[PDB]
């Protein structure tokens, strides 16, 4: 298959596949069944901010998701990503809807990765930030239903003209350039990502969520990965 490391903002409890009974954030290492989760209050129609942070020294993948009123949830998981991810990856955002739906609107996304080594701050680095997306965002690989629009946003999943999110949708956006996420001779490999998002739904139980993910460079939406699989995984194993 792909190799996926992800931080999921999971809006819809799929308890039959190990989701906690409440919306949650989670750290997913090669499985949709998060290695760690934290209860998350998704604030319908509010703009949230997710931060993901890791460095190869601490070997701890951390995420926090917050809303302007100060509510937040955080999850951290100890993992040496050198032993999980390929050396070269692509980084992306994914989202899905299913029977129930929600907008999976990304308003901004930044990412920074650095590899530092042996001597001085002699280093390879990648940093990108999108605080606006354009209709033809050539440095994004859009997959599935993901679109960017003149409205400055990245709609990961289908939204109708009337602004209504659609079910059975899956979409991703990957940064165009592969990222050298680790290297054997790198003394420190660190990355951080931030994205802001607006999940809004008229469904009493919106679904399915948004994820920041890191994958093999040729990662594509696995078949049948709408709904609970968040566009990341081919199955719920």
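Positions refer to the first chain, counted from 1.
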- Query: So 109-117 or 71-79, which one's hotter by mean CA B-factor in the entry?
  - Reply: 109-117
- Identify the stretch, either 209-217 or 20-28, whose C-alpha atoms have the larger mean B-factor according to the entry. 20-28
- Which one, 126, 95, 91, 159, has the peak C-alpha temperature factor per the PDB entry? 159
- Message: In terms of recorded Cα temperature factor, pick the maximum from 182, 195, 175, 40.
- Response: 182
- Record-listed C-alpha B factor of residue 155: chain third: lowest
- Within-chain third of residue 143 by Cα B-factor, per the entry: middle
- In terms of the CA temperature factor given in the entry, to which third of its chain does residue 55 belong: lowest, middle or highest? middle
- Message: Using only modelled residues of the chain, where does the Cα B factor of residue 236 rank: lowest third, middle third or highest third?
- Response: highest
- Message: Please place residue 204 in the lowest, middle or highest third of its chain according to the CA B-factor in the PDB entry.
- Response: highest
